[PDB]
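**Q** Let me begin by handing over the structure; questions about it come next.
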2 protein chains.
Amino acid sequence: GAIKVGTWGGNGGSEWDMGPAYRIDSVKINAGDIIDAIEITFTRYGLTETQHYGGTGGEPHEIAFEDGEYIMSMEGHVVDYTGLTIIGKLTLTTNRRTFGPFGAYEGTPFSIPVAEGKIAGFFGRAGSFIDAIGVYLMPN
Amino acid sequence: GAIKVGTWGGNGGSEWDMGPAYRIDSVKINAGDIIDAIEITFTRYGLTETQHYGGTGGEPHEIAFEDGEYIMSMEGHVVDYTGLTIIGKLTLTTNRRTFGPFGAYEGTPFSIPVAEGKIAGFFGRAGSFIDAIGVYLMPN
């Protein structure tokens with residue numbers, strides 16, 4: 001019954017799924033040459049929770065969303081990194097700001113420009129890095 | 001309250017929007033080197049109609065959806081065609097068949113695999129060709 005778009009990326013790592021959330025509070029991305037990890041803080045059904053996916057490498061970057069600020073777009077690249085098909089670059093855009101690009105690897109681009117509605121969560125595959133990423137979509 | 005993802009393509013042509021449909025009955029794509037047109041027969045509020053977007057060129061290809069068949073992916077290329085930024089290649093995938101690829105030109109790829117839910121309508125830009133395309137998403 002959900003709306004899930006994706007994944008883009010490789011078959012490595014283990015499956016992960018945040019599920020949809022009515023409110024995303026903050027996103028923290030770790031990246032070097034590629035996307036090492038994504039960590040999301042969200043609030044739903046009366047509780048706030050943080051979930052970390054991917055490994056321990058890369059430099060951290062974080063965005064704390066304002067009241068009324070939501071994710072409108074995700075854009076990235078699927079690359080070959082040391083023979084592994086993973087996420088090499090990622091950007092998230094809100095109705096107010098651009099968060100990214102992080103990572104430095106380009107290959108096969110993907111983009112989810114949400115003209116109506118919002119990105120409400122993430123799912124994908126992960127190990128030491130983010131092998132694959134997808135998004136939940138919800139109406140505004 | 002709708003979920004619209006897109007557009008991918010150029011800034012030329014005129015905006016068009018089919019809106020979301022209860023059921024997509026059939027899709028006809030006209031293509032040669034690039035995507036000339038997309039024509040959809042759809043149903044909503046007990047009314048079936050056909051809408052054509054784009055020009056009169058290219059060869060036609062059609063899919064008539066079986067009962068229980070729905071669109072679960074769209075992918076293609078944004079290309080440079082005679083100096084215009086337009087849709088050069090397009091594929092629609094269902095839960096049963098792959099419709100396309102149509103068109104001969106390559107450029108920047110786009111893809112919207114729907115892991116959960118369906119593509120329920122289209123929007124875009126067009127003149128003599130399909131300058132840009134986007135989708136409506138609904139649950140299954």
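By convention here, the chains of the structure tokens are called A, B, ... in the order presented, each chain's residues are numbered starting at 1, and ligands are numbered starting at 1 in the order presented.
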Range 27-37 of chain A: which residues within 9 Å, counting only C-alpha atoms, same-chain residues fewer than 6 positions away excluded, as a VMD selection string?

**A** chain A and resid 52 to 65 79 81 86 to 90 102 to 105 126 to 131

**Q** For residue 97 in chain B, work out the shell of residues within 10 Å, counting only C-alpha atoms and skipping chain neighbours fewer than 3 positions away, then give it as a PyMOL selection string.

**A** chain B and resi 63+65+69-71+92-94+100

**Q** Next, write the just-selected residues to a file, as an mmCIF file, in the first residue's frame, keeping N, CA and C atoms as the atom set.

**A**
```cif
data_model
loop_
_atom_site.group_PDB
_atom_site.id
_atom_site.type_symbol
_atom_site.label_atom_id
_atom_site.label_comp_id
_atom_site.auth_asym_id
_atom_site.auth_seq_id
_atom_site.Cartn_x
_atom_site.Cartn_y
_atom_site.Cartn_z
ATOM 1 N N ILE B 63 0.440 -0.782 -26.562
ATOM 2 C CA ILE B 63 0.232 -1.798 -25.544
ATOM 3 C C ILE B 63 -1.213 -1.660 -25.051
ATOM 4 N N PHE B 65 -3.389 -2.895 -22.000
ATOM 5 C CA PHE B 65 -3.216 -3.516 -20.679
ATOM 6 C C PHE B 65 -4.217 -4.629 -20.408
ATOM 7 N N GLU B 69 -3.018 -5.899 -15.120
ATOM 8 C CA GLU B 69 -1.719 -5.395 -15.580
ATOM 9 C C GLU B 69 -1.630 -3.874 -15.312
ATOM 10 N N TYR B 70 -0.488 -3.416 -14.781
ATOM 11 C CA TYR B 70 -0.269 -1.998 -14.460
ATOM 12 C C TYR B 70 1.180 -1.618 -14.763
ATOM 13 N N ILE B 71 1.443 -0.317 -14.953
ATOM 14 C CA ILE B 71 2.792 0.178 -15.245
ATOM 15 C C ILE B 71 3.580 0.234 -13.938
ATOM 16 N N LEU B 92 8.265 1.599 -21.090
ATOM 17 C CA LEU B 92 7.338 1.435 -19.980
ATOM 18 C C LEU B 92 7.376 -0.034 -19.653
ATOM 19 N N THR B 93 7.529 -0.383 -18.371
ATOM 20 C CA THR B 93 7.511 -1.790 -17.973
ATOM 21 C C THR B 93 6.291 -2.032 -17.107
ATOM 22 N N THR B 94 5.602 -3.150 -17.351
ATOM 23 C CA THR B 94 4.457 -3.568 -16.547
ATOM 24 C C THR B 94 4.883 -4.718 -15.614
ATOM 25 N N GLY B 100 8.769 -1.450 -25.233
ATOM 26 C CA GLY B 100 9.906 -0.682 -25.707
ATOM 27 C C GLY B 100 11.198 -1.441 -25.491
#
```

**Q** Which residues of chain B sit at most 10 Å from chain A, using only C-alpha atoms? Give each one's shortest atom pair and distance in Å (one decimal place), in chain and ascending residue order, as a Markdown table.

**A**
```
| residue | atom | partner | partner_atom | distance |
| --- | --- | --- | --- | --- |
| B:1 | CA | A:139 | CA | 5.2 |
| B:2 | CA | A:139 | CA | 5.9 |
| B:3 | CA | A:117 | CA | 5.0 |
| B:4 | CA | A:116 | CA | 4.8 |
| B:5 | CA | A:114 | CA | 4.5 |
| B:6 | CA | A:113 | CA | 5.2 |
| B:7 | CA | A:113 | CA | 7.1 |
| B:8 | CA | A:113 | CA | 8.3 |
| B:72 | CA | A:5 | CA | 9.5 |
| B:73 | CA | A:5 | CA | 9.0 |
| B:108 | CA | A:109 | CA | 7.5 |
| B:109 | CA | A:109 | CA | 6.5 |
| B:110 | CA | A:110 | CA | 5.8 |
| B:111 | CA | A:110 | CA | 6.6 |
| B:112 | CA | A:5 | CA | 6.4 |
| B:113 | CA | A:6 | CA | 5.2 |
| B:114 | CA | A:5 | CA | 4.5 |
| B:115 | CA | A:4 | CA | 5.2 |
| B:116 | CA | A:4 | CA | 4.9 |
| B:117 | CA | A:3 | CA | 5.1 |
| B:118 | CA | A:3 | CA | 8.0 |
| B:134 | CA | A:115 | CA | 9.0 |
| B:135 | CA | A:115 | CA | 9.6 |
| B:136 | CA | A:116 | CA | 9.0 |
| B:137 | CA | A:3 | CA | 7.3 |
| B:138 | CA | A:3 | CA | 6.9 |
| B:139 | CA | A:1 | CA | 5.3 |
| B:140 | CA | A:1 | CA | 6.0 |
```

**Q** Please return, as a PyMOL selection string, all residues of chain B that DSSP assigns to strand (DSSP E or B) on the basis of the backbone.

**A** chain B and resi 3-9+14-17+23-31+35-44+47-54+59-64+71-81+84-94+98-102+108-116+118-126+130-138

**Q** One decimal, in Å: what's the spacing between CA of residue 14 in chain B and CA of residue 91 in chain A?

**A**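 For CA of residue 14 in chain B relative to CA of residue 91 in chain A, the distance reads 28.6 Å.
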
**Q** If you count only C-alpha atoms, which residues fall within 6 Å of residue 41 in chain B, apart from same-chain ones fewer than 4 positions away, as a tab-separated table (two decimals) with N, CA, C and O atoms, in the first residue's frame?

**A**
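Result file selection.tsv:
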```tsv
chain	number	residue	atom	x	y	z
B	25	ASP	N	-5.85	2.24	-19.86
B	25	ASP	CA	-6.33	1.15	-20.71
B	25	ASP	C	-5.34	0.78	-21.82
B	25	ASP	O	-5.16	-0.40	-22.12
B	26	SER	N	-4.73	1.77	-22.45
B	26	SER	CA	-3.75	1.54	-23.51
B	26	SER	C	-2.82	2.74	-23.67
B	26	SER	O	-3.17	3.85	-23.31
B	49	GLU	N	-11.44	8.05	-22.21
B	49	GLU	CA	-11.07	8.99	-23.25
B	49	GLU	C	-9.64	8.73	-23.70
B	49	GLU	O	-8.88	8.09	-22.99
B	50	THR	N	-9.30	9.26	-24.88
B	50	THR	CA	-7.96	9.17	-25.46
B	50	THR	C	-7.37	10.57	-25.56
B	50	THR	O	-8.05	11.48	-26.04
```

**Q** Can you tell me how far CA of residue 77 in chain B sits from CA of residue 132 in chain B, in Å to one decimal?

**A**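 Taking CA of residue 77 in chain B and CA of residue 132 in chain B, their separation equals 10.3 Å.
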
**Q** Please measure the separation of CA of residue 51 in chain A and CA of residue 80 in chain A, giving the value in Å to one decimal.

**A**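 Going from CA of residue 51 in chain A over to CA of residue 80 in chain A, I get 26.0 Å.
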
**Q** Kindly indicate which residue among A:46, A:107, A:121, A:22 lies nearest to residue 133 in chain A, using only C-alpha atoms for the distances.

**A**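 For residue 133 in chain A, the nearest of the given residues is A:121.
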
**Q** Just checking: using only C-alpha atoms, which residue out of A:48, A:75, A:24, A:83 ends up closest to residue 10 in chain A?

**A**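 Smallest distance to residue 10 in chain A is found for A:83.
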
**Q** If you count only C-alpha atoms, which residues fall within 9 Å of residue 21 in chain B, apart from same-chain ones fewer than 2 positions away, as JSON, numbers by chain?

**A** {"B": [18, 19, 23, 24, 42, 43, 44, 45, 120, 121, 136]}
